[PDB]
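Take a look at this one chain, the form deposited in one PDB entry, written out in structure tokens.
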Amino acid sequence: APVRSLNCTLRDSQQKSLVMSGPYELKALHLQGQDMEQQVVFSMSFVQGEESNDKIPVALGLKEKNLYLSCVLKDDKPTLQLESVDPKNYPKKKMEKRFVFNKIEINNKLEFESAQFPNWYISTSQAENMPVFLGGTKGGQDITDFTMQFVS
């Protein structure tokens, strides 16, 4: 059948919102009131991959954009990028592994682990207006926990 998808927003565990601020640029900042319209709306697709009760493979596309978060090596490091795709072919159920995140639910928070790079996670900095990135631990000073808000 078709791939199933939900519209949503994400906030980090400091309640920082995610916004587009430049070509293929994604930043986290504290937002409230009118400025909240700036936040990115995702289409979260439920994709093929290894799955358990609390670990669900997803892709994260920008709503009605042919842009997906993906994990690739850049200058020999696992990195997070926005990647353009052919809009005729996406989303699909069998997303390529660079696009797949394991959405993990622990203690009412979500983590998004790269399926391609085990124990690398979508991460934000504690500082305001810094890039969203792929970080090589769910430990330390950077933030690896999120909440989802469902969008109409």
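Note that residue numbering follows the sequence shown and begins at 1. Here, rigid core means the biggest group of C-alpha atoms that superpose within 1.5 Å across both forms.
Below, we refer to the form deposited with a partner chain bound, which is not included among the displayed structures.
Novice: Decide whether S123 counts as a contact residue for its partner chain in the entry with it bound under a heavy atom distance cut-off of 4.5 Å.
Specialist: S123: no contact with its partner chain in the entry with it bound.
Novice: With a 4.5 Å heavy atom cut-off, would you call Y68 a contact of its partner chain in the entry with it bound?
Specialist: Answer yes; at least one heavy atom of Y68 falls within 4.5 Å of its partner chain in the entry with it bound.
Novice: Of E37, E50, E64, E105, which one's CA moves 2 Å or more between this form and the one not shown, core aligned?
Specialist: Residue with a C-alpha shift of 2 Å or more: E64.
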